[PDB]
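Working notes for the structure below.
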Amino acid sequence: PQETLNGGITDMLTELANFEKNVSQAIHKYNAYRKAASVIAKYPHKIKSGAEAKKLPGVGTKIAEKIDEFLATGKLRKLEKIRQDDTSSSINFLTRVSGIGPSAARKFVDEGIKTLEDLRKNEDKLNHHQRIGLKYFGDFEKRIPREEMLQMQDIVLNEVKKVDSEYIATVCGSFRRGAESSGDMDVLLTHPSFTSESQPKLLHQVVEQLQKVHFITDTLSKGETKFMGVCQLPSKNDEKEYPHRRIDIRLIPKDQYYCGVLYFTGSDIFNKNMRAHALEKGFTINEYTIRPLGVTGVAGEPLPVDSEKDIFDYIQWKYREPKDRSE
DNA sequence: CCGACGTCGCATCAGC
DNA sequence: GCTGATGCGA
DNA sequence: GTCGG
Ligand SMILES: Cc1cn([C@H]2C[C@H](O)[C@@H](COP(=O)(O)NP(=O)(O)OP(=O)(O)O)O2)c(=O)[nH]c1=O
Ligand SMILES: [Mg+2]
Ligand code: NA
Ligand code: NA
């Protein structure tokens, strides 16, 4: 559907969701509001009452009441009050910095630190991740055009193959599903020398090369299997330079790679469906392996997977392109 | 009534 | 110093 | 906050 259909309601619930996660530290009440926001955003009618909305999965009594108040008054008393609360709004805002969660944002505001400005005059109280998030605060809240993602893929695939041509890299996420834009770049990486029963330098050598050609600009975290950092496309000429982008590089064992590729391709809703259907066919699916359920639920050894299709076969589904995987 | 509500690698903290 | 908990992201 | 055993 469209925005102005129930945008005022979905925005209200989205605001409410954030305050729950960031201020109240109620992660489950955060997901509840977002789930309610989603199902309403799919509802192809301009909602007339809270009761009409209550018919939907995810909308209970409390939200029905709030929807009633919004439709009747055009606003929400509790949300209006919390928007103008100095402490709460500042705590909620500081969490927009990557690295600063609700706990760190709590401490900052507790000791006077309320703003980006305030963060800037207090570098020594920010860890490495928080500094990067502050430095690229604006760039990280921007989306990446698909064309730029394609240019970014060109670089990743080229350099990865350059390090070792037996590497297998795959850009997953919404990009692989064909989205016109992405929020980040999730790269999944494997190599013949890396199985589950199987060096610890495979991920390091790839991150290193991407730093040597100056694609990777910063590093949020890095271990033997997962890399979280920052990257940037080269500036064309005197033309304005590209924003800094979030990139994740994951080293997954060969025998788990395609369960990894399938999982990190998405979408969420699709992964819910596929696993729900997988169970009723007698198989359990996590991000790593596909295992057969016994007659009492006792899972067996993981079944060999050498392609995405292999998984679809196991649960008797026709292999569907990432293009058609929103649900 | 009352627990589930996805899971886990990495950095960094609290404790010993 | 080591181990395990906690915060964070996704 | 919502759902459901
Ligand atoms: C957060 C999350 C991740 N995933 C696995 C599949 C999501 O589609 C996917 C990629 O996560 P993402 O990068 O946060 N979302 P996206 O890549 O589809 O799109 P965008 O780049 O964030 O705009 O990873 C889930 O299956 N359920 C989830 O709730
Ligand atoms: Mg992505
Ligand atoms: Na309901
Ligand atoms: Na944050």
Side-chain angles (χ1 to χ4, degrees), chain A residues 12-40 50 53-67 76 78-79 91 94-108 125-134 136 140-141 172-175 182-189 200 203-204 207 218-230 245-253 256 259-260 263-276 278-279 284-289:
Chain A
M12 169 184 56
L13 299 177
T14 304
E15 279 203 65
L16 286 175
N18 296 325
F19 285 102
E20 294 292 345
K21 166 166 73 76
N22 305 320
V23 171
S24 296
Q25 301 187 3
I27 182 62
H28 299 300
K29 292 171 85 172
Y30 157 79
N31 290 315
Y33 276 114
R34 255 158 92 258
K35 179 189 183 180
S38 288
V39 66
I40 290 180
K54 201 180 194 303
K55 293 178 177 250
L56 302 189
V59 175
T61 298
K62 291 268 190 56
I63 285 167
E65 295 190 27
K66 294 172 181 295
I67 290 186
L76 223 202
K78 291 180 187 180
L79 187 47
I91 293 182
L94 291 188
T95 58
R96 290 164 60 186
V97 179
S98 179
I100 301 180
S103 184
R106 171 83 85 201
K107 270 191 57 182
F108 285 148
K125 272 161 179 167
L126 270 57
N127 60 30
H128 185 69
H129 189 138
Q130 287 160 337
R131 283 167 207 186
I132 307 300
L134 170 60
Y136 304 118
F140 286 176
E141 288 189 355
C172 305
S174 61
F175 170 81
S182 292
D184 53 24
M185 165 167 284
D186 206 332
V187 182
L188 270 57
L189 189 73
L203 180 60
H204 174 57
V207 176
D218 294 88
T219 303
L220 296 166
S221 64
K222 184 170 88 70
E224 297 173 28
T225 44
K226 195 173 106 218
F227 168 83
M228 298 176 58
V230 187
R245 310 297 194 176
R246 277 282 295 104
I247 183 181
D248 294 342
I249 304 179
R250 236 180 290 255
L251 188 65
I252 303 180
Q256 299 183 15
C259 288
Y263 175 75
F264 289 107
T265 296
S267 57
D268 305 336
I269 293 152
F270 174 78
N271 278 335
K272 217 291 180 57
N273 296 323
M274 185 164 179
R275 290 180 177 181
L279 286 179
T284 190
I285 297 182
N286 54 15
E287 67 165 314
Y288 308 107
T289 57

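In what follows, chains carry the letters A, B, and so on, assigned in the order in which the sequence lines appear, proteins first and then strands, with residues in each chain numbered from 1. Computed from heavy atoms alone, side chains included, the values below leave out hydrogens, waters and symmetry copies.
Going from atom CZ of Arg96(A) over to atom P of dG9(C) covers 13 Å, rounded to whole Å. As a whole-Å value, the separation of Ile100(A) CD1 from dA11(B) P is 18 Å. When rounded to the nearest whole Å, the span between CD1 of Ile132(A) and P of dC8(C) equals 17 Å. One interatomic measurement links the two molecules: NZ of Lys107(A) to P of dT6(C), which rounds to 16 Å at whole-angstrom precision. Atom P of nucleotide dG9(C) and atom OH of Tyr30(A) are separated by 11 Å, given to the nearest angstrom. Atom pair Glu20(A):CD and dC5(B):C1' shows a separation of 14 Å (rounding to whole Å applied). Rounded to an integer number of Å, the gap from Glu287(A) CD to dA10(C) P is 16 Å. The nearest whole Å value for the distance from the NZ atom in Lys35(A) to the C1' atom in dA4(B) is 11 Å.
At a threshold of 4.0 angstrom between heavy atoms, the contacts of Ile63(A) are confined to the sugar-phosphate backbone, with no base atom among them. At a threshold of 4.0 angstrom between heavy atoms, the contacts of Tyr33(A) are confined to the sugar-phosphate backbone, with no base atom among them. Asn127(A) comes within 4.0 angstrom of the backbone, heavy atoms only, and of no base. Residue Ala26(A) is classed as having no contact, given no heavy-atom separation below 4.0 Å to the nucleic acid. Within 4.0 Å (heavy atoms only), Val97(A) reaches sugar-phosphate atoms of the nucleic acid but no base atom. Within 4.0 Å (heavy atoms only), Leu56(A) reaches sugar-phosphate atoms of the nucleic acid but no base atom.
Without hydrogens or angle criteria, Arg250(A) side chain to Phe227(A) main chain gives no donor-acceptor distance under 3.5 Å. A donor-acceptor distance shorter than 3.5 angstrom exists from the side chain of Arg246(A) to the backbone of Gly229(A), with no hydrogens or angles considered.
For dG1(C), the sign convention on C1'-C2'-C3'-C4' gives a north pucker, since the angle is positive.
Checking the phosphate oxygens (OP1, OP2) of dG1(D), a side-chain nitrogen or oxygen of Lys62(A) falls inside 4.0 Å. Within the structure, every side-chain polar atom (N or O) of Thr61(A) is placed at least 4.0 Å from both OP1 and OP2 of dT2(D). Residue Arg246(A) has no polar side-chain atom (N or O) positioned under 4.0 Å from OP1 or OP2 of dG9(C).
For the pair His128(A) and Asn31(A), nearest-nucleotide mapping onto DNA chain B gives the more 5' position to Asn31(A). Between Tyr288(A) and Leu220(A), the one whose closest nucleotide on DNA chain B sits nearer the 5' end is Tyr288(A).
Remark: the separation of the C1' atoms in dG6(B) and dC8(C) is 15 Å, to the nearest Å. Between the P atoms of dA10(C) and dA4(B), the separation comes to 27 Å (whole Å).
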Check: Could you walk me through whether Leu16(A) and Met12(A) pass the side-chain contact (heavy atoms from CB on, under 4.5 Å) check?
Finding: CA-CA 6 Å; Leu16(A) 286 175; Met12(A) 169 184 56; 4.2 Å; yes
Item checked: Stepwise side-chain contact (heavy atoms from CB on, under 4.5 Å) test for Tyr263(A) and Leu188(A) -> CA-CA 11 Å; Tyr263(A) 175 75; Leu188(A) 270 57; over 6 Å; no
Notebook entry, point to check: Would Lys66(A) and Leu79(A) satisfy side-chain contact (heavy atoms from CB on, under 4.5 Å), going step by step from the backbone distance to the final call?
Noted result: CA-CA 10 Å; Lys66(A) 294 172 181 295; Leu79(A) 187 47; over 6 Å; no
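Of the listed nucleotides (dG9(C), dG7(C), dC10(B)), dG7(C) has the atom at the smallest distance from the side chain of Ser103(A). Distances from the side chain of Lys222(A) to the nucleotides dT12(B), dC8(B), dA11(B) place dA11(B) closest. Listed candidates were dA10(C), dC8(C), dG9(C). Nearest to the side chain of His129(A) is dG9(C).
Ion pairing between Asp248(A) and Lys226(A) fails under the 4.0 Å rule for side-chain N and carboxylate O.
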